[PDB]
Amino acid sequence: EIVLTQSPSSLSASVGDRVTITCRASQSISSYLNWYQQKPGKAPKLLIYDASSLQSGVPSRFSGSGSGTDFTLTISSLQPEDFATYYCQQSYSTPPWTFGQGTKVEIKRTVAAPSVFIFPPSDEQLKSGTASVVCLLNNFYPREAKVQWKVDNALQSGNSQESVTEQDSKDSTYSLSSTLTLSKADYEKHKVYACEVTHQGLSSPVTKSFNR
Amino acid sequence: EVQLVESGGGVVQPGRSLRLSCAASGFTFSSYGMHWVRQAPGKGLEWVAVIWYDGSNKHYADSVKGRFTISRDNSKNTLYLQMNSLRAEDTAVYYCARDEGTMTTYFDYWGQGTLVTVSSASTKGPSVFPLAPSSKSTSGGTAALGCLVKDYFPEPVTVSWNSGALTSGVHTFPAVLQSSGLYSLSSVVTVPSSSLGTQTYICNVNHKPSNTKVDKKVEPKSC
Amino acid sequence: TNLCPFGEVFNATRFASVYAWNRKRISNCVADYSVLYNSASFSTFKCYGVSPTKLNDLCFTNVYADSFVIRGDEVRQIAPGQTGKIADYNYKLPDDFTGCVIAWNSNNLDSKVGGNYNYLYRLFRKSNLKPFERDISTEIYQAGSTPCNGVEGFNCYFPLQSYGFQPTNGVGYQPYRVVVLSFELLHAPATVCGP
Ligand SMILES: *[C@@H]1O[C@H](CO)[C@@H](O)[C@H](O)[C@H]1NC(C)=O
């Protein structure tokens, strides 16, 4: 077998900038490597085949080049349609056809502070014996953000789940949801529930609180 | 021109079997080798199997060699993959791909894929709960509301607003897998405070594997 | 008609030792590799350079077929670039290799009660073997300062060693039959082709 390693695993570039992704093989595979583009949810598409050949229909801004064990795909002018993950795959020693781990290209924009909202558990679910407190971070950049739960000023751990959306197609912002789940009785044993957000766009961590 | 349409994905419990098909259109099927390649949500791309032209010494992959079975049919222009004794780690979106090259092999054309979820859990409809907008209705201040779609299996759930009439400002978070083995998801939407008194806000949640269609109205908070 | 003698190489009754691997040339025929890898278990089929899915629709100048017998764990050494006892002192594949490697377990054929010790392998050599080099010399290896003088003893050993293929062995040590196809595309009317 042959192990392929992409670099970097993720990157952040702006429109028109030249982007460069490298793919390293554990042994020489001549020029028997190809590139694939995959958008979230959609199927992969062929871009470059045999190191440095442009597939028909693919714009000329893409260009692959390499020889031996180290190959490189370059985008001369990044475009908004290029926000996708890029995979390198060798086809020298087959089977098996080995893929790369993927390089997600991210479109960069301006720092934006998240809009923080808190949602207490509805009575409908409180009747079912489970309480789910939701904390929503709307439209922020960059993706790094720390969400901390506090029940009567006590930091929570291991009872919350986070979900993050992909970069928005319109404004290139992220959105995050943190769900804290407790039993009904244990929910009734406390009063203050707070969501604390630490983000680069915020001068200080912001807290959204509510009493039961 | 070149089109590959997959079919057969769904729910499988561990140990059982499932057959997938891939219908091709737009090329001479008997002259190209075919590939089956899976992608586990969260992971990257993984090659599974390949069949020659016409069907001959099919090449598999390890952790699959004795379990799956790839075949084809040039008459119906169809490629088949029969998975046997499916394990939990086989849950993935499966794609069929074509071969090309003098020597070498690259996948020039792919299909949209098909989802296969393998778990011992039971197909269950989701519980939809409202996340009501805050009663502090300022003058502009965009407020947020939404729906918590909890405890369902398997993926996916389709969430729309006002029967698909509200798109701006809608964020449906990717589903998360809970410790109980069921999925949870949250769909939020930001609206002007002015609209809270005027606009009826209803989330439409559709779960096809359990045939559960729920129209839950999210209303402002009472007193 | 005029099909290449692939049957008399793979299904041959008795294989050759890995140190004295047997090379059979294939030319002036049509090749149908669909009668080669019968899937099965533990059987390995790795094509380095040329993809397998197009082997039946390609034309080559010559096809050399090397044949030998090793053990289970030494199957992976039969590959371009790898190193090891077999890859260094027995059978070496070039870095620009353009061919395929087939291997299958033959425990029911090359093993017998009491042990089949007819298969040998070279253990020591003064230097690594170059690609496609065959060494059948039975000269005493000299690991010390004194000349061995045709006999072995202190720092003097025999270069050949018996495998020891018993039907009760482990999969890693059961005898495996290996056939390496090397495809050569020179500058002449290409004789070997496929459907
Ligand atoms: C001979 O070669 C054929 C090729 O398909 C193979 O199936 C078979 O196992 C081999 N041995 C015998 C004894 O037929």
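Rules used in this analysis
- Residues numbered from 1 in each chain as written, not as in the entry; some residues may be left out.
- Chains lettered and ligands numbered in written order.
- Heavy atoms only, no water.
- Helix = DSSP H or I, 4+ residues; strand = E, 2+ residues; numbered from the N terminus.
- Rg over C-alpha atoms; globule rule 2.2 N^0.38 Å.
- Buried < 20%, exposed > 50% of the residue type's maximum accessible area, 1.4 Å probe, protein only.
- Contact = heavy atoms within 4.5 Å.
- Areas by Shrake-Rupley, 256 points an atom, 1.4 Å probe, with all protein chains shown as cover.
- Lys, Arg positive; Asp, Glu negative; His and termini not counted.
- Charge placed at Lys NZ, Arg CZ, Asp CG, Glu CD.
- Disulfide = S-S within 2.5 Å.
- UniProt positions renumbered as here; feature names shortened; annotations may be inferred.
- Pairing = 2+ DSSP bridges.
- Axes fitted to C-alpha atoms, helices over the stretch in contact; angles between N-to-C directions.
- Buried area = accessible area lost by both parts, 1.4 Å probe.
- Salt bridge = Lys/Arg side-chain N within 4 Å of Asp/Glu carboxyl O.
- Polar contact = N/O pair within 3.5 Å; in protein donor to acceptor, adjacent residues only side chain to side chain.
- Nonpolar A, V, L, I, M, F, W, Y, C, P; charged D, E, K, R; others polar.
- Near = heavy atom within 4 Å.
- Domains from an automatic or database assignment.

- The record lists X-ray crystallography as the method behind this PDB entry and 3.70 Å as its resolution.

- As recorded in the PDB entry, chain C goes by the name Spike protein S1, listed as coming from Severe acute respiratory syndrome coronavirus 2.
- For this structure, the PDB entry title reads "Crystal structure of SARS-CoV-2 receptor binding domain in complex with human antibody COVA309-22".

- Going by the PDB entry, chain B carries the name COVA309-22 heavy chain and comes from Homo sapiens.

1. Notes on the overall build of chain B
Now for step 1: Looking only at helices and strands, chain B has one helix and 17 strands in total.
Now for step 2: Taken over the C-alpha trace, chain B has a radius of gyration of 22 Å; the compact-globule value for 223 residues is 17 Å, which it surpasses by more than 25%.
Now for step 3: Counting only C-alpha atoms and orienting by the principal axes, one finds that chain B spans roughly 70 × 40 × 25 Å.
Now for step 4: Among the 223 residues that make up chain B, the fraction classed as buried is 48%.
Now for step 5: Counting contacts in chain B only where the partners sit at least 6 residues apart, residues at least 24 apart contribute 58% of the total.
Now for step 6: If you sum the accessible surface of chain B, you get close to 9700 Å²; carbon and sulfur atoms cover 47% of it.
Now for step 7: Positive and negative charge centroids in chain B, built from 19 and 15 side chains respectively, lie 10 Å apart.

2. Some points on the UniProt feature "disulfide bond" in chain C
Residues and elements named next belong to chain C.
Now for step 1: With sulfur atoms 2.0 Å apart, the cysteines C4 and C29 match their UniProt disulfide annotation in this structure. With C4 in the segment before α1 (7–10) and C29 in the loop between β1 (22–26) and β2 (44–48), this pair connects stretches of sequence that are 25 residues apart. In this pair, the class of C4 matches that of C29, namely buried.
Now for step 2: A sulfur-sulfur distance of 2.0 Å is found between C148 and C156, whose disulfide is recorded in UniProt, and that is short enough to count the bridge as formed. For the pair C148 and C156, one class covers both residues: buried.

3. Here's the deal with the state of the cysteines
Now for step 1: For the structure shown, the criterion picks out eight disulfides over all chains.
Now for step 2: What pairs with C147(B) in a disulfide is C203(B), and their sulfur atoms sit 2.0 Å apart. Across the S-S bond linking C147(B) and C203(B), the dihedral sits near -95°, which makes this disulfide left-handed. Here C147(B), found in strand β11 (residues 143–152), pairs with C203(B), found in strand β16 (residues 201–207); they are 56 residues apart in sequence, far enough to count as distant.
Now for step 3: Between the sulfur atoms of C4(C) and its disulfide mate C29(C) the distance is 2.0 Å. Because the torsion about its S-S bond is 100°, the bridge between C4(C) and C29(C) counts as right-handed.

4. Examining the sheet that holds β16(B)
The strands making up a sheet associate through backbone hydrogen bonding, with each pair oriented either parallel or antiparallel.
All names here are of chain B.
Now for step 1: Strand order in the open sheet made by the three strands is β12-β16-β17, with antiparallel pairing throughout. Taken across any chain shown, the strands that pair with only one partner, and hence form the sheet edges, are β12 (158–161) and β17 (212–218). Geometrically, the sheet is characterised by an average inter-axis angle of 20° between neighbouring strands, direction not taken into account.
Now for step 2: For β16 and β17, the ladder comprises seven bridges, and the chain directions are antiparallel. Bridge pairing in β17 links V205 to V214.

5. Regarding the interface of chain A and chain B
Now for step 1: Each side of the interface is counted separately: chain A has 40 residues, and chain B has 41 residues.
Now for step 2: Of the roughly 3300 Å² buried between chain A and chain B, counting both surfaces, carbon and sulfur atoms make up 66%.
Now for step 3: If you sort the residues of chain A by the area they bury against chain B, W97(A), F99(A) and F119(A) come out on top, with a joint share of 19%.
Now for step 4: Where chain A packs against chain B, one counts zero salt bridges.
Now for step 5: At the boundary of chain A and chain B, one finds seven residue pairs in polar contact.
Now for step 6: Where the side of chain A that touches chain B is concerned, the elements lending two or more residues are β4 (33–38), β10 (85–90), β14 (115–119), α1 (123–126), β15 (130–140), β18 (160–164) and β19 (174–183) of chain A.
Now for step 7: Examining the composition of the side of chain A that touches chain B, we find that six residues originate from one element, β15(A), more than from any other.
Now for step 8: Classifying every residue of the side of chain A that touches chain B gives 18 nonpolar, 17 polar and five charged.

6. Brief notes about the site of the ligand
Residue and element names in this part refer to chain C.
Now for step 1: Every residue near the ligand is listed here: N11, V35 and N38.
Now for step 2: Contact distances for the ligand include 2.4 Å between an oxygen atom and a side-chain N or O atom of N11.
Now for step 3: The contact in question runs from an oxygen atom of the ligand to an N or O atom on the side chain of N38, over 3.1 Å.
Now for step 4: Across the complex, the protein chains shield 32% of the 350 Å² of accessible surface that the ligand would expose by itself.

7. Digging into the domain arrangement of chain B
Now for step 1: Here chain B is described as being made up of domain 1 (3–118) and domain 2 (127–218).
Now for step 2: Domain 1 of chain B and domain 2 of chain B are separated by 35 Å when their C-alpha centres are compared.

8. Regarding the sheet that holds strand β7 (residues 78–84) of chain B
Residues and elements named next belong to chain B.
Now for step 1: Read across the sheet, four strands follow the order β1-β3-β7-β6 without closing on themselves; strand pairing throughout is antiparallel. Two strands lie at the open edges of the sheet, namely β1 (3–7) and β6 (68–73), each paired on one side alone. Taken pair by pair, the neighbouring strands of this sheet meet at an average axis angle of 15°, ignoring direction.
Now for step 2: Where strand β3 (residues 17–25) lies against β7, seven bridges are found, and the strand directions are antiparallel. Bridging across to β7, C22 finds its partner in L79.

9. Observations concerning the interface of chain A and chain C
Now for step 1: Taken together, the contact between chain A and chain C spans eight residues of the former and 12 residues of the latter.
Now for step 2: Around 720 Å² of area is buried between chain A and chain C when both sides are counted, 40% of it from carbon and sulfur atoms.
Now for step 3: Of all residues in chain A, the largest losses of buried area upon contact with chain C belong to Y92(A), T94(A) and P95(A), amounting jointly to 56% of the total for that side.
Now for step 4: The tally of links between chain A and chain C comes to zero salt bridges.
Now for step 5: The tally of links between chain A and chain C comes to three residue pairs in polar contact.
Now for step 6: Bridge count between strand β11 (residues 93–94) of chain A and β2(C): two bridges; the pairing is antiparallel.

10. Some remarks on the domain arrangement of chain C
All names here are of chain C.
Now for step 1: As assigned here, chain C comprises domain 1 (2–114 + 167–195) and domain 2 (115–166).
Now for step 2: For domain 1 and domain 2, the distance between their C-alpha centroids amounts to 24 Å.
Now for step 3: With 37 residues of domain 1 at the contact, the number on the domain 2 side is 26 residues.
Now for step 4: The tally of links between domain 1 and domain 2 comes to zero salt bridges.
Now for step 5: At the junction of domain 1 with domain 2, the criterion picks out 18 residue pairs in polar contact.
Now for step 6: Those elements giving two or more residues to the side of domain 1 that touches domain 2 turn out to be β3 (62–70), α2 (85–89), α3 (107–110) and β9 (176–184).
Now for step 7: Split into classes, the residues belonging to the side of domain 1 that touches domain 2 amount to 18 nonpolar, nine polar and 10 charged.

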